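> My questions all concern the structure below.
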Amino acid sequence: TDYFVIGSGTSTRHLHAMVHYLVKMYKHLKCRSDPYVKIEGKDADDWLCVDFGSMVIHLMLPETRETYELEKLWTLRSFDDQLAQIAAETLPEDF
Amino acid sequence: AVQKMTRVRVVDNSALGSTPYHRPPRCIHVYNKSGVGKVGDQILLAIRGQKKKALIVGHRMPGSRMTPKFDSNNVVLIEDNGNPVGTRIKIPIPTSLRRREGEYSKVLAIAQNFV
Amino acid sequence: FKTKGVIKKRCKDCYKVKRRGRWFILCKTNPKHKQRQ
Amino acid sequence: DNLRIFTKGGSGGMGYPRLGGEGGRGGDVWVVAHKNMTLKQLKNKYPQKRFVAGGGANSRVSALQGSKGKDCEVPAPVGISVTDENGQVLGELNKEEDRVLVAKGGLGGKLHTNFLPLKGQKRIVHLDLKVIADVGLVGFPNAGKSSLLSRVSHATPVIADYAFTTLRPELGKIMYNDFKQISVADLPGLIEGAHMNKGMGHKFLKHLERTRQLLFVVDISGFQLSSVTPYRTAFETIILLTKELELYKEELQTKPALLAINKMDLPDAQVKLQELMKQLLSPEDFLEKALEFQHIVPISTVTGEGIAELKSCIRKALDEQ
Amino acid sequence: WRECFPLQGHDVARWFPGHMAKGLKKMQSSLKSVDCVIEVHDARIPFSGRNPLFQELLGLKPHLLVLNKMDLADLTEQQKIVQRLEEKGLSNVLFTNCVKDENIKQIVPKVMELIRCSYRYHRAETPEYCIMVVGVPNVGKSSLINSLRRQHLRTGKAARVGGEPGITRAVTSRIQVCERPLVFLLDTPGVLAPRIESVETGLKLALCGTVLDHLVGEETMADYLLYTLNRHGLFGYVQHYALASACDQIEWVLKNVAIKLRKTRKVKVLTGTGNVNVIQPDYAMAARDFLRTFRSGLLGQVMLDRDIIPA
RNA sequence: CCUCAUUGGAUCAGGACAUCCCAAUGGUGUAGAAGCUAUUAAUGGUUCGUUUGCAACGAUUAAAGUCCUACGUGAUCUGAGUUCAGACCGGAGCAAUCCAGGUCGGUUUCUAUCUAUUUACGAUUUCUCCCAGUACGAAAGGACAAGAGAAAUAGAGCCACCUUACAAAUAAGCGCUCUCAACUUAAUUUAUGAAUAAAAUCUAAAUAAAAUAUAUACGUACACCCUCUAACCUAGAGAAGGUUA
RNA sequence: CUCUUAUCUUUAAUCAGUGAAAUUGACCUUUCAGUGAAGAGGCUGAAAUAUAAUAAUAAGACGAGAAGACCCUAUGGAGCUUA
Ligand SMILES: Nc1nc2c(ncn2[C@@H]2O[C@H](COP(=O)(O)OP(=O)(O)NP(=O)(O)O)[C@@H](O)[C@H]2O)c(=O)[nH]1
Ligand SMILES: Nc1nc2c(ncn2[C@@H]2O[C@H](COP(=O)(O)OP(=O)(O)NP(=O)(O)O)[C@@H](O)[C@H]2O)c(=O)[nH]1
Ligand SMILES: [Mg+2]
Ligand SMILES: [Mg+2]
Ligand SMILES: [Mg+2]
Ligand SMILES: [Mg+2]
Ligand SMILES: [Mg+2]
Ligand SMILES: [Mg+2]
Ligand SMILES: [Mg+2]
Ligand SMILES: [Mg+2]
Ligand SMILES: [Mg+2]
Ligand SMILES: [Mg+2]
Ligand SMILES: [Mg+2]
Ligand SMILES: [Mg+2]
Ligand SMILES: [Mg+2]
Ligand SMILES: [Mg+2]
Ligand SMILES: [Mg+2]
Ligand SMILES: [Mg+2]
Ligand SMILES: [Mg+2]
Ligand SMILES: [Mg+2]
Ligand SMILES: [Zn+2]
């Protein structure tokens with residue numbers, strides 16, 4: 001995507017309201033030729049993600065944002081602390 | 001192609017998979033009307049006595065031209081609510097997952113490398 | 001519309017008709033009162 | 001939300017003489033906790049309210065023991081209070097995984113003992129979800145409570161022009177900018193006393209018991225309401241309100257409550273509002289201990305003036321306890 | 001050291017073969033000729049397993065509980081066990097070791113006295129006292145036939161005694177046990193339950209050997225030993241398996257046990273470049289041997305149901 | 001005084017409707033959403049496993065219907081059982097033997113004479129998107145029709161790619177493509193209007209309409225009278241059929 | 001096994017030579033409903049219908065075979081045991 005957007009929300013209710021408002025405005029605001037966008041994560045109760053053609057928005061609760069740390073990964077593409085801990089291995093026989 | 005009783009490689013950093021255990025995970029169910037599982041198709045694993053949902057992110061069977069064939073059947077674990085269990089994926093993931101009908105944006109966010 | 005063997009009126013407003021080869025009691029006030037033979 | 005249910009325990013199977021042995025205990029009714037949504041299903045779906053259990057199988061040749069009967073179950077809303085037909089509280093399914101032996105299956109028929117068969121117990125059991133609102137509205141007739149609920153929410157409340165109106169309380173959840181929803185229910189105007197269940201009575205007053213807090217509307221016009229000839233002042237009305245509430249239940253008086261002045265729009269009402277300020281707080285010309293919570297705000301429902309101010313006070317008290 | 005064994009997501013232990021169903025029918029039909037019913041069980045598990053149907057279906061006749069395998073169990077609080085079992089409504093309970101004929105004499109006098117209180121109706125004239133033994137698999141139910149067969153009649157083994165569950169399949173004919181009271185026994189196949197209660201009880205019920213271990217895997221069960229063995233304080237596996245020091249991780253202990261026993265497999269692992277077959281230590285074999293030592297009593301005496309009995 | 005002994009599976013399925021899903025409707029203690037009950041309809045469909053010897057569960061699905069065809073079907077195949085020759089325990093009998101008690105072992109073959117049969121069709125279901133987080137509803141929650149797009153399965157075909165073979169010019173699927181119209185009705189709902197003074201009444205009155213599943217009216221396919229030494233063929237068992245500067 | 005596929009040999013098929021077996025009341029040997037003892041190519045009533053081959057399937061002819069099973073009978077046998 002061209003732009004990656006992450007925004008926290010007060011509660012689950014607030015999260016649903018923000019997602020619905022953006023989609024409603026998106027359809028109203030032109031995009032007549034452009035196709036439609038799904039709302040993903042409704043089954044999820046704390047993290048909702050909407051992927052527009054050139055932008056992706058992830059709305060999640062504070063604790064979910066803290067655990068996943070999406071900001072760090074995309075800011076630091078290959079130097080994320082969690083990524084660093086993931087090493088590589090091989091498979092030798094045991095003797 | 002993943003079926004019932006296939007052996008799978010968890011490609012997350014989640015403890016459920018990451019931890020070395022003498023038995024690999026085996027597929028118990030493929031969520032399709034077709035029994036076969038391809039890229040982007042969910043499956044139910046039996047991993048360490050636990051039944052856990054997962055998503056296929058690559059397989060050894062050939063696909064259509066211009067798509068990547070992997071050497072192992074790769075899978076990511078997703079929670080019941082649909083949020084990924086693990087927080088990082090360092091293995092390349094095909095970009096076809098974006099346009100397949102379904103919810104894959106959460107997994108794509110967690111994946112740094114795309115092929 | 002219940003298909004019963006005997007048709008009996010249940011209220012004053014109920015009335016009877018012979019449509020499509022069968023007897024009906026049709027009540028406008030209370031649709032519960034509808035019966036077909 | 002205060003429905004009733006009848007049940008019947010299974011009968012005990014009769015035994016087989018000459019060493020055939022016992023008969024199976026009749027089936028018993030166990031109300032089983034499930035998703036709270038079941039209350040709508042119970043009252044409406046499966047309208048027949050009789051829950052009966054299979055009687056135990058009679059002892060058969062070869063001295064087969066009884067099947068022990070077939071049990072029956074009632075899915076119920078979480079938080080339901082199980083009470084007898086007489087009103088005695090058998091139990092409450094406050095938490096999940098809370099089954100209750102509401103009815104007793106017929107004692108297993110045993111030929112060796114005194115009784116060959118025995119019939120199952122059957123009873124009427126009240127299962128009720130009396131409105132557990134966050135706060136409740138208690139006021140005398142013509143107070144204005146329905147009008148107050150009308151504007152805070154969009155509930156189209158029945159407006160009680162005369163007494164003994166709006167018998168069923170109307171539940172309304174109040175939305176807030178914080179996305180917090182507070183449920184408020186307005187019951188009908190209550191009569192003085194009512195400890196003997198006069199008129200409207202205290203039967204609906206059980207609904208307030210469930211409510212965490214109490215909301216008191218104070219119609220300024222009610223002050224010196226001639227009626228037949230009580231001519232109750234608002235000062236008197238509050239004293240009667242406190243007294244009658246104590247008689248019905250001591251705990252009700254102790255429960256957190258708030259005060260809502262009404263009908264202040266009229267200039268004379270504003271003069272009375274100063275009289276309302278005078279009444280209570282500092283001692284006046286009294287005509288037992290009583291409680292004044294002091295969460296009193298001056299508003300007029302008809303003009304919709306000061307309504308926003310009261311909303312805040314309510315939420316503060318709620319968030320506190 | 002861990003705090004609580006993870007039981008989220010694990011399933012219950014469903015075994016219930018067909019013979020445990022056809023059998024249950026024959027047992028019901030045999031009520032005609034049974035004066036008393038004896039429930040055998042594993043002393044290590046006082047309050048679990050315990051197929052409820054036995055009290056339900058076989059409740060017609062008087063009942064007696066015989067907790068077997070007392071030798072490989074901790075019975076310091078035996079007094080406490082009786083107190084609660086009295087509350088359960090099991091006034092008479094017996095602890096017996098079949099292999100070394102411990103306390104097996106007492107059973108017959110109690111059955112005699114117990115029968116005297118009851119009525120016999122149709123069988124009031126028969127002089128032979130026929131009683132019936134039931135219980136879950138591998139509780140010594142078949143052995144109890146032989147231990148009494150010899151203790152009183154001094155004749156010899158008459159019922160096939162085997163380690164693995166399922167040896168005795170159908171309800172058999174009577175087996176003579178004594179001559180003076182002329183007591184016969186009816187042997188029946190072990191039945192567990194159509195539905196065990198909890199994932200833990202089912203996990204415990206596999207420890208003593210009541211259900212085939214492969215239905216549980218033998219890997220979600222070896223872990224349970226280490227938990228309870230360490231929790232209960234019986235740090236005996238370290239000495240027996242010459243481990244470095246106490247531990248609470250299966251991958252570690254089973255790594256040590258496997259090396260000690262010089263057991264390895266050729267196991268296919270799936271790496272990122274394709275399947276590869278790599279020789280590895282037998283984690284599966286160690287789990288079995290670790291289980292088979294526990295069950296043999298060389299790892300110590302245990303009270304799997306603890307803090308449930310005291311209360 | 002006691003008692004007790006044909007049926008699973010595989011393959012291929014024909015049919016009933018007393019309908020499990022799909023479709024059209026009446027009633028409601030049907031606000032919406034979920035449900036309940038009844039009418040109509042036989043259209044196509046109606047999953048994969050574990051322990052099992054009958055059930056007992058797991059994960060799914062729009063649904064995992066109930067029955068009849070001599071377990072529908074062993075000259076198509078297969079496991080039990082009936083049930084034996086050997087052998088053990090348990091229980092009988094002085095023994096031989098025996099038990100409608102356990103268990104382990106344990107050979108049915110068939111070249112089809114007759115009938116019958118072996119060369120097209122016009123599609124089902126599910127999810128997502130939109131309408132629209134709207135109508136409704138105090139909130140919670142949350143539709144219908146209309147409209148667009150994806151797959152799954154079935155049917156009919158094909159080989160540019162991919163894959164697997166022949167270490168051949170081919171054949172396959174694990175690859176690719178294509179699938180539609182309804183003249184004719186049932187439950188039910190309307191309009192006009194007599195018997196019957198109505199400013200009534202859908203009508204086994206004369207009338208006008210709408211409305212499941214079915215189906216063949218209506219289409220597509222076929223259609224030519226055909227030389228043959230022989231060779232060749234993406235046609236074929238033979239014969240037939242195609243091709244021949 | 002999902003879910004089958006390709007190749008080669010055997011057999012098959014066509015040409016030449018040689019040439020059996022069980023089986024067979026007679027047959028100019030059809031479908032549906034009925035009747036009947038669980039039962040019909042052959043009976044009752046409808047219907048269908050130029051004639052002969054070749055290669056295939058196995059629903060039927062309660063298809064063909066063996067010294068197969070099961071119960072009962074005989075003032076038929078025989079082996080075994082005894083009290
Ligand atoms: N002047 C004035 N009139 C008011 C005010 N609030 C309500 N009313 C009037 O009071 C009239 C009587 O009905 P009202 O008391 O509102 O109904 P209610 O609240 O349901 N009464 P009850 O207490 O019996 O349930 C209403 O018709 C309304 O016009 C107010 O603030 N000022
Ligand atoms: N240590 C010990 N082992 C015992 C004891 N009784 C029986 N066993 C063991 O348990 C096994 C025999 O079980 P068995 O007597 O057949 O009991 P069962 O319950 O009748 N068997 P089943 O599982 O078939 O129902 C053997 O491994 C035997 O050594 C005992 O008192 N102590
Ligand atoms: Mg069919
Ligand atoms: Mg029908
Ligand atoms: Mg046949
Ligand atoms: Mg043949
Ligand atoms: Mg012999
Ligand atoms: Mg065998
Ligand atoms: Mg052999
Ligand atoms: Mg045999
Ligand atoms: Mg032929
Ligand atoms: Mg639509
Ligand atoms: Mg020849
Ligand atoms: Mg002819
Ligand atoms: Mg016929
Ligand atoms: Mg004829
Ligand atoms: Mg020939
Ligand atoms: Mg034939
Ligand atoms: Mg004779
Ligand atoms: Mg003779
Ligand atoms: Zn009526």
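Here's how to read the names in the structure tokens: chain A, B, ... by the order shown, residue numbers from 1 in each chain, ligand numbers from 1 in the order shown.
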For chain B, report every residue with an atom at most 10 Å from chain G (counting only C-alpha atoms (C1' of nucleotides)), formatted as a PyMOL selection string.
chain B and resi 3-4+35-36
> Kindly save the residues from that selection, with N, CA, C and O atoms included, as a compact mmCIF listing (two decimals), in the first residue's frame.

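Below is the file that was written, out_19.txt:
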```
# COMPACT_ATOMS: atom_id res chain seq x y z
N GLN B 3 -4.86 -31.52 2.78
CA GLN B 3 -6.02 -32.37 3.05
C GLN B 3 -6.10 -32.67 4.54
O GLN B 3 -5.35 -32.12 5.35
N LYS B 4 -7.04 -33.53 4.90
CA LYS B 4 -7.07 -34.09 6.24
C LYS B 4 -5.84 -34.96 6.46
O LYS B 4 -5.44 -35.74 5.59
N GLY B 35 -12.78 -30.57 -0.48
CA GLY B 35 -11.95 -31.05 0.61
C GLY B 35 -10.51 -30.57 0.55
O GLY B 35 -9.80 -30.65 1.55
N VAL B 36 -10.08 -30.06 -0.60
CA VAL B 36 -8.69 -29.68 -0.80
C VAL B 36 -8.47 -28.26 -0.28
O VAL B 36 -9.38 -27.43 -0.28
```
> Near residue B:22, within 9 Å and counting only C-alpha atoms (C1' of nucleotides), which residues show up once chain neighbours fewer than 2 positions away are dropped, as number ranges by chain?
B: 20, 24; E: 251, 267, 282-284
> Quick check: residues of chain A within 8 Å of chain E, only C-alpha atoms, returned as number ranges by chain.
A: 90-94
> Would you mind writing down, as a PyMOL selection string, each residue of stretch 20-54 of chain D that DSSP on the backbone assigns to strand (DSSP E or B)?
chain D and resi 22+29-33+50-52+54
> Using N, CA, C and O atoms, can you export the residues from the last selection as a compact mmCIF listing (two decimals), in the first residue's frame?

```txt
# COMPACT_ATOMS: atom_id res chain seq x y z
N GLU D 22 -36.42 -52.30 42.36
CA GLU D 22 -36.86 -50.91 42.43
C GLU D 22 -37.36 -50.43 41.07
O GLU D 22 -37.06 -51.01 40.02
N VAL D 29 -37.00 -31.82 36.98
CA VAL D 29 -36.84 -30.62 36.17
C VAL D 29 -35.69 -29.80 36.75
O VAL D 29 -35.74 -29.38 37.91
N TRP D 30 -34.66 -29.58 35.94
CA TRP D 30 -33.51 -28.77 36.32
C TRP D 30 -33.42 -27.57 35.38
O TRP D 30 -33.12 -27.73 34.19
N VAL D 31 -33.66 -26.38 35.91
CA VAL D 31 -33.49 -25.17 35.10
C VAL D 31 -32.00 -24.94 34.90
O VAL D 31 -31.23 -24.84 35.87
N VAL D 32 -31.58 -24.85 33.64
CA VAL D 32 -30.17 -24.86 33.27
C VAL D 32 -29.79 -23.49 32.72
O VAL D 32 -30.49 -22.95 31.86
N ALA D 33 -28.70 -22.94 33.23
CA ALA D 33 -28.21 -21.66 32.74
C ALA D 33 -27.65 -21.80 31.33
O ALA D 33 -27.00 -22.79 31.00
N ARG D 50 -45.72 -25.67 30.45
CA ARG D 50 -45.60 -26.86 31.29
C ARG D 50 -44.38 -27.66 30.84
O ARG D 50 -44.35 -28.19 29.73
N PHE D 51 -43.39 -27.75 31.72
CA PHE D 51 -42.19 -28.56 31.49
C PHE D 51 -42.33 -29.83 32.31
O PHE D 51 -42.28 -29.79 33.54
N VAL D 52 -42.48 -30.96 31.63
CA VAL D 52 -42.72 -32.24 32.28
C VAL D 52 -41.56 -33.17 31.96
O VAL D 52 -40.90 -33.04 30.92
N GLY D 54 -39.89 -37.27 31.92
CA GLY D 54 -40.29 -38.65 31.68
C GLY D 54 -40.24 -39.46 32.96
O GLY D 54 -39.27 -39.39 33.72
```
> At a cut-off of 10 Å around ligand 13, and using only C-alpha atoms (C1' of nucleotides) and all ligand atoms, what residues come up? Please write them as a VMD selection string.
chain G and resid 15 to 19
> Quick one: DSSP alpha helix (DSSP H) residues in chain B, as an mmCIF file with C-alpha atoms, in the first residue's frame?

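File written: selection-v9.cif
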```
data_model
loop_
_atom_site.group_PDB
_atom_site.id
_atom_site.type_symbol
_atom_site.label_atom_id
_atom_site.label_comp_id
_atom_site.auth_asym_id
_atom_site.auth_seq_id
_atom_site.Cartn_x
_atom_site.Cartn_y
_atom_site.Cartn_z
ATOM 1 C CA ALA B 15 4.683 -20.244 21.373
ATOM 2 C CA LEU B 16 2.055 -22.773 20.270
ATOM 3 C CA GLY B 17 4.126 -23.593 17.188
ATOM 4 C CA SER B 18 7.597 -22.175 17.851
ATOM 5 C CA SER B 105 -5.269 -7.820 5.873
ATOM 6 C CA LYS B 106 -4.454 -8.723 9.479
ATOM 7 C CA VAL B 107 -2.040 -11.443 8.356
ATOM 8 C CA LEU B 108 -0.513 -9.173 5.710
ATOM 9 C CA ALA B 109 0.167 -6.522 8.352
ATOM 10 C CA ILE B 110 2.135 -9.078 10.391
#
```
> Kindly work out which residues sit at most 10 Å from ligand 19, using only C-alpha atoms (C1' of nucleotides) and all ligand atoms, and give the list as a list in words.
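Counting only what the definition allows, namely only C-alpha atoms (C1' of nucleotides) and all ligand atoms, the set is residues 73, 74 and 75 of chain G.
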> Pick out the residues sitting within 12 Å of stretch 58-75 of chain A, and hand them over as a compact mmCIF listing (two decimals) with N, CA and C atoms, in the first residue's frame; count only C-alpha atoms (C1' of nucleotides), and ignore anything fewer than 3 positions along from it in its own chain.

```
# COMPACT_ATOMS: atom_id res chain seq x y z
N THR A 1 0.85 -1.18 0.00
CA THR A 1 0.00 0.00 0.00
C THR A 1 0.88 1.24 0.00
N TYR A 3 0.07 4.09 1.74
CA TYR A 3 0.03 4.64 3.09
C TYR A 3 -0.53 3.61 4.06
N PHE A 4 0.11 3.52 5.22
CA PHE A 4 -0.30 2.62 6.30
C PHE A 4 -0.74 3.47 7.48
N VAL A 5 -1.96 3.24 7.96
CA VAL A 5 -2.56 4.06 9.01
C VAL A 5 -2.96 3.15 10.17
N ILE A 6 -2.57 3.53 11.38
CA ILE A 6 -2.95 2.83 12.60
C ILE A 6 -3.52 3.86 13.57
N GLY A 7 -4.73 3.60 14.07
CA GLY A 7 -5.36 4.49 15.02
C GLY A 7 -6.02 3.76 16.17
N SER A 8 -5.75 4.19 17.40
CA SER A 8 -6.33 3.54 18.56
C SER A 8 -7.76 4.03 18.79
N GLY A 9 -8.51 3.25 19.55
CA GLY A 9 -9.89 3.59 19.87
C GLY A 9 -10.19 3.31 21.32
N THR A 10 -11.15 4.07 21.86
CA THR A 10 -11.48 3.97 23.27
C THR A 10 -12.01 2.59 23.63
N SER A 11 -13.00 2.11 22.88
CA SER A 11 -13.68 0.87 23.22
C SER A 11 -14.14 0.18 21.94
N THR A 12 -14.71 -1.01 22.11
CA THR A 12 -15.21 -1.77 20.97
C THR A 12 -16.32 -1.01 20.25
N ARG A 13 -17.23 -0.40 21.01
CA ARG A 13 -18.30 0.38 20.39
C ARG A 13 -17.73 1.50 19.54
N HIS A 14 -16.78 2.26 20.11
CA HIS A 14 -16.16 3.35 19.35
C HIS A 14 -15.51 2.82 18.08
N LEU A 15 -14.88 1.65 18.15
CA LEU A 15 -14.22 1.10 16.98
C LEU A 15 -15.21 0.86 15.85
N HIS A 16 -16.37 0.28 16.17
CA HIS A 16 -17.36 0.02 15.13
C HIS A 16 -17.87 1.32 14.52
N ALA A 17 -18.11 2.34 15.35
CA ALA A 17 -18.63 3.60 14.84
C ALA A 17 -17.66 4.24 13.85
N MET A 18 -16.36 4.26 14.19
CA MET A 18 -15.39 4.87 13.31
C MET A 18 -15.32 4.15 11.97
N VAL A 19 -15.32 2.81 12.00
CA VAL A 19 -15.24 2.05 10.76
C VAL A 19 -16.46 2.33 9.89
N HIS A 20 -17.65 2.33 10.49
CA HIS A 20 -18.86 2.55 9.72
C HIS A 20 -18.87 3.95 9.11
N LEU A 22 -16.31 5.90 8.26
CA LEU A 22 -15.36 6.03 7.17
C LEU A 22 -15.89 5.39 5.90
N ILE A 39 -15.27 -4.53 5.20
CA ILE A 39 -14.90 -4.29 6.59
C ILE A 39 -14.49 -5.63 7.19
N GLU A 40 -13.23 -5.73 7.60
CA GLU A 40 -12.67 -6.98 8.08
C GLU A 40 -12.42 -6.91 9.58
N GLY A 41 -12.62 -8.04 10.25
CA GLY A 41 -12.43 -8.12 11.68
C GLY A 41 -13.67 -7.92 12.51
N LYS A 42 -14.86 -7.93 11.90
CA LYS A 42 -16.08 -7.74 12.68
C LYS A 42 -16.25 -8.88 13.69
N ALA A 44 -13.79 -10.27 15.12
CA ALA A 44 -12.90 -9.81 16.17
C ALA A 44 -13.54 -8.66 16.94
N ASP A 45 -13.24 -8.60 18.23
CA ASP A 45 -13.86 -7.63 19.13
C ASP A 45 -12.97 -6.44 19.46
N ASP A 46 -11.69 -6.49 19.12
CA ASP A 46 -10.75 -5.43 19.50
C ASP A 46 -9.92 -4.89 18.35
N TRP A 47 -9.87 -5.55 17.20
CA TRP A 47 -9.04 -5.12 16.08
C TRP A 47 -9.86 -5.19 14.80
N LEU A 48 -10.04 -4.04 14.15
CA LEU A 48 -10.74 -3.94 12.88
C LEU A 48 -9.81 -3.31 11.85
N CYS A 49 -9.80 -3.87 10.65
CA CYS A 49 -8.92 -3.41 9.58
C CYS A 49 -9.73 -3.22 8.31
N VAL A 50 -9.59 -2.05 7.69
CA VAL A 50 -10.24 -1.73 6.43
C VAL A 50 -9.16 -1.38 5.42
N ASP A 51 -9.18 -2.04 4.27
CA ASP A 51 -8.15 -1.89 3.25
C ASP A 51 -8.75 -1.18 2.04
N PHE A 52 -8.44 0.10 1.91
CA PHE A 52 -8.79 0.85 0.71
C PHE A 52 -7.77 0.59 -0.39
N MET A 55 -4.72 2.79 0.58
CA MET A 55 -4.48 2.99 2.00
C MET A 55 -5.09 1.84 2.78
N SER A 78 13.36 -4.15 9.03
CA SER A 78 14.05 -5.38 9.34
C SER A 78 14.75 -5.35 10.70
N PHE A 79 14.60 -4.28 11.47
CA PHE A 79 15.27 -4.14 12.75
C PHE A 79 14.30 -4.19 13.92
N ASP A 80 13.08 -4.68 13.69
CA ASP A 80 12.11 -4.81 14.77
C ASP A 80 12.63 -5.78 15.82
N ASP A 81 12.39 -5.45 17.09
CA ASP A 81 12.91 -6.28 18.18
C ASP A 81 12.31 -7.68 18.13
N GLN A 82 11.00 -7.78 17.90
CA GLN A 82 10.36 -9.10 17.83
C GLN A 82 10.90 -9.91 16.66
N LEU A 83 11.09 -9.26 15.51
CA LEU A 83 11.63 -9.96 14.35
C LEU A 83 13.03 -10.47 14.63
N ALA A 84 13.85 -9.67 15.31
CA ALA A 84 15.23 -10.07 15.59
C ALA A 84 15.28 -11.41 16.30
N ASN B 13 5.87 -16.83 15.07
CA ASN B 13 6.72 -16.85 16.24
C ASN B 13 5.94 -17.23 17.49
N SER B 14 4.68 -17.63 17.33
CA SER B 14 3.84 -17.96 18.47
C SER B 14 4.39 -19.16 19.22
N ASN B 83 -8.01 -13.00 15.00
CA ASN B 83 -6.74 -12.31 15.11
C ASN B 83 -5.59 -13.32 15.10
N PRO B 84 -4.48 -13.02 14.43
CA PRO B 84 -3.37 -13.97 14.39
C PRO B 84 -2.83 -14.25 15.79
N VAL B 85 -2.46 -15.51 16.03
CA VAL B 85 -1.88 -15.88 17.32
C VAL B 85 -0.50 -15.26 17.48
N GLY B 86 0.34 -15.37 16.44
CA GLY B 86 1.67 -14.83 16.49
C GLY B 86 1.75 -13.42 15.95
N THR B 87 2.80 -12.71 16.34
CA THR B 87 2.94 -11.29 16.04
C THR B 87 3.88 -11.00 14.88
N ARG B 88 4.58 -12.00 14.35
CA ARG B 88 5.55 -11.75 13.29
C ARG B 88 5.62 -12.96 12.36
N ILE B 89 5.94 -12.69 11.10
CA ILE B 89 6.16 -13.72 10.08
C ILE B 89 7.36 -13.27 9.26
N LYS B 90 8.47 -14.01 9.35
CA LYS B 90 9.69 -13.65 8.65
C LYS B 90 9.84 -14.38 7.32
N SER B 105 -6.03 -9.03 5.60
CA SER B 105 -5.27 -7.82 5.87
C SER B 105 -4.52 -7.93 7.19
N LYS B 106 -5.13 -8.57 8.20
CA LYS B 106 -4.45 -8.72 9.48
C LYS B 106 -3.18 -9.54 9.33
N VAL B 107 -3.23 -10.63 8.57
CA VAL B 107 -2.04 -11.44 8.36
C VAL B 107 -1.00 -10.67 7.55
N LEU B 108 -1.45 -9.93 6.53
CA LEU B 108 -0.51 -9.17 5.71
C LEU B 108 0.22 -8.13 6.54
N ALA B 109 -0.48 -7.50 7.49
CA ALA B 109 0.17 -6.52 8.35
C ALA B 109 1.31 -7.15 9.14
N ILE B 110 1.12 -8.39 9.60
CA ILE B 110 2.13 -9.08 10.39
C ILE B 110 3.29 -9.62 9.56
N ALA B 111 3.15 -9.64 8.23
CA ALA B 111 4.15 -10.23 7.35
C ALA B 111 5.03 -9.12 6.78
N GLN B 112 6.35 -9.25 6.97
CA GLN B 112 7.27 -8.24 6.46
C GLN B 112 7.66 -8.51 5.01
N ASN B 113 7.87 -9.77 4.64
CA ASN B 113 8.33 -10.13 3.31
C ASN B 113 7.17 -10.65 2.47
```
> Write out as a list in words every residue belonging to chain F that has an atom at most 9 Å from any atom of chain A, counting only C-alpha atoms (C1' of nucleotides).
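Applying the cut-off to the listed atoms yields residues 129, 130 and 133 of chain F.
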> Next, dump the selected residues to file, keeping only C-alpha atoms (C1' of nucleotides), as a PDB file, in the first residue's frame.

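Contents of the output file selection27.pdb:
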```pdb
ATOM      1  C1'   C F 129     -20.558  -6.939  -2.345  1.00  0.00           C
ATOM      2  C1'   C F 130     -24.531  -3.314  -3.077  1.00  0.00           C
ATOM      3  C1'   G F 133     -25.491  -0.652   9.834  1.00  0.00           C
TER       4        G F 133
END
```
> Any idea which chain F residues end up within 9 Å of chain E if we count only C-alpha atoms (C1' of nucleotides), as a list in words please?
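So the residues of chain F near chain E are residues 51, 52, 53, 54, 55, 56, 57, 89, 90, 91, 101 and 102 of chain F.
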> Residues within 8 Å of ligand 18 should be enumerated using only C-alpha atoms (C1' of nucleotides) and all ligand atoms and returned as a VMD selection string.
(chain F and resid 75 112) or (chain G and resid 58 to 61 63)
> Near residue C:31, counting only C-alpha atoms (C1' of nucleotides), which residues have an atom at most 12 Å away, once you skip same-chain residues fewer than 6 positions from it, shown as a list in words?
residues 1, 2, 10, 11, 13, 14, 15 and 25 of chain C; 26, 27 and 28 of chain F
> Against chain B, which residues of chain F fall within 10 Å? For each one I want the closest pair of atoms and the distance in Å (one decimal), counting only C-alpha atoms (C1' of nucleotides), rows by chain and increasing residue number, as CSV.

```
residue,atom,partner,partner_atom,distance
F:47,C1',B:33,CA,9.0
F:48,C1',B:35,CA,8.7
F:49,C1',B:28,CA,9.2
F:58,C1',B:28,CA,9.9
F:59,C1',B:29,CA,6.6
F:60,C1',B:31,CA,8.0
F:61,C1',B:33,CA,8.5
F:126,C1',B:33,CA,9.0
F:127,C1',B:101,CA,9.7
F:128,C1',B:101,CA,7.3
F:150,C1',B:101,CA,7.8
F:151,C1',B:33,CA,9.5
F:152,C1',B:33,CA,5.5
F:153,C1',B:33,CA,8.6
F:161,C1',B:65,CA,8.0
F:162,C1',B:64,CA,7.3
F:163,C1',B:62,CA,7.8
F:174,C1',B:62,CA,8.6
F:175,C1',B:64,CA,9.0
```
